[PDB]
Amino acid sequence: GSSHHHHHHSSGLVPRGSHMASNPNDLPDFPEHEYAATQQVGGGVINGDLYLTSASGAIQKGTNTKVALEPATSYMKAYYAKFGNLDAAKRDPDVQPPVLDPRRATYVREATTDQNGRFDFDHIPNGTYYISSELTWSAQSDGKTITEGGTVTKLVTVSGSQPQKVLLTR
């Protein structure tokens, strides 16, 4: 069996790589160097209560929901502006996102809210962070099923070395 064929899977030039020290993220206009800038053993005790209030006044906290506390870098200047807070009513599954920085996966501290819908942190440096949480609920209003919520990312600056009570509802 000679088999005159092409690539069984097109992977371009080479999977997992870059140009020449230059990263291929190409998302932010400004240098995203700030990933390796946010370093400091801190004592910022964060006490966050997670709940987005519906227009009805109904409080949806966030059951089995992952609260990701990640640093607000120059990289996220472009990312947050594109998506950031996007309602599920416009949750497009066709628009492809760019290659996100893998270093974020190291900095992303996840607080999965069990049932109480509240999370706490300890030993965190000061600065400006994004709390990313995809919380959405689809309920019926009058008769038609609407889908409220979506990707809620909250801009939270941590300047409190003492128990910092924070509410994520917007």
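Residues numbered from 1 in each chain as written, not as in the entry; some residues may be left out. Heavy atoms only, no water.

The deposited coordinates, according to the entry record, derive from solution NMR.

*Asks:* Which residues make up the overall build of the protein chain, and what are the values?
*Replies:* Counting its secondary structure elements, the protein chain contains two helices and ten strands. Relative to the 2.2 N^0.38 estimate, which gives 15 Å for 170 residues, the radius of gyration of the protein chain is 20 Å and therefore markedly larger than a compact globule would have. When the backbone C-alpha atoms are referred to their principal axes, the protein chain occupies close to 65 × 50 × 30 Å. For the protein chain, buried positions account for 33% of its 170 residues. Considering only residue pairs separated by 6 or more positions, the protein chain has 76% of its internal contacts joining residues 24 or more positions apart. Once the 15 positive and 17 negative side-chain charges of the protein chain are each reduced to a mean point, those two points are 3 Å apart. (Helix = DSSP H or I, 4+ residues; strand = E, 2+ residues; numbered from the N terminus. Rg over C-alpha atoms; globule rule 2.2 N^0.38 Å. Buried < 20%, exposed > 50% of the residue type's maximum accessible area, 1.4 Å probe, protein only. Contact = heavy atoms within 4.5 Å. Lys, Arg positive; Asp, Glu negative; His and termini not counted. Charge placed at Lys NZ, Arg CZ, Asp CG, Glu CD.)

*Asks:* Could you give an account of the sheet that holds strand β4 (residues 65-71), with specific residues and numbers?
*Replies:* The strand order β5-β9-β8-β4-β6 describes an open sheet built from five strands, whose pairing is antiparallel. Single-partner strands in this sheet number two, and they are β5 (86-87) and β6 (109-113). In this sheet, strand β9 (residues 144-158) lies alongside β5 in antiparallel orientation, the contact comprising two bridges. Bridging from a neighbouring strand, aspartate 87 pairs with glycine 150 of β9. (Pairing = 2+ DSSP bridges.)

*Asks:* Quick one: what's the story with the nonpolar core, residue by residue and with numbers?
*Replies:* In terms of nonpolar packing, the biggest core is built from 18 residues, with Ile46, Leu69, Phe119, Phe121 and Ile131 touching the most fellow members. Among the elements of the structure, β1 (46-50), β4, β7 (118-121), β8 (127-141), β9 and β10 (164-168) are those that each provide at least two residues to this core. Aside from chain neighbours lying at most four places away, what touches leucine 69 is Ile46, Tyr107, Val108, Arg109, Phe121, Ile124, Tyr129, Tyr130 and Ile131. By size, the runner-up hydrophobic cluster in this structure holds five residues, among which are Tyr35, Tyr75, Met76 and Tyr130. (Core = buried A, V, L, I, M, F, W, Y, C linked by side-chain atoms within 4.5 Å.)

*Asks:* Now, about the environment of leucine 155: what can you tell me, with residues and values included?
*Replies:* Examined against the element boundaries, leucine 155 turns out to sit in strand β9. Expressed as a C-alpha distance, the spacing of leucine 155 and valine 67, which sit 88 residues apart in the sequence, is 13 Å. Here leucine 155 is in contact with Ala72, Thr128, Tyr129 and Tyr130, once residues within four sequence places are set aside.

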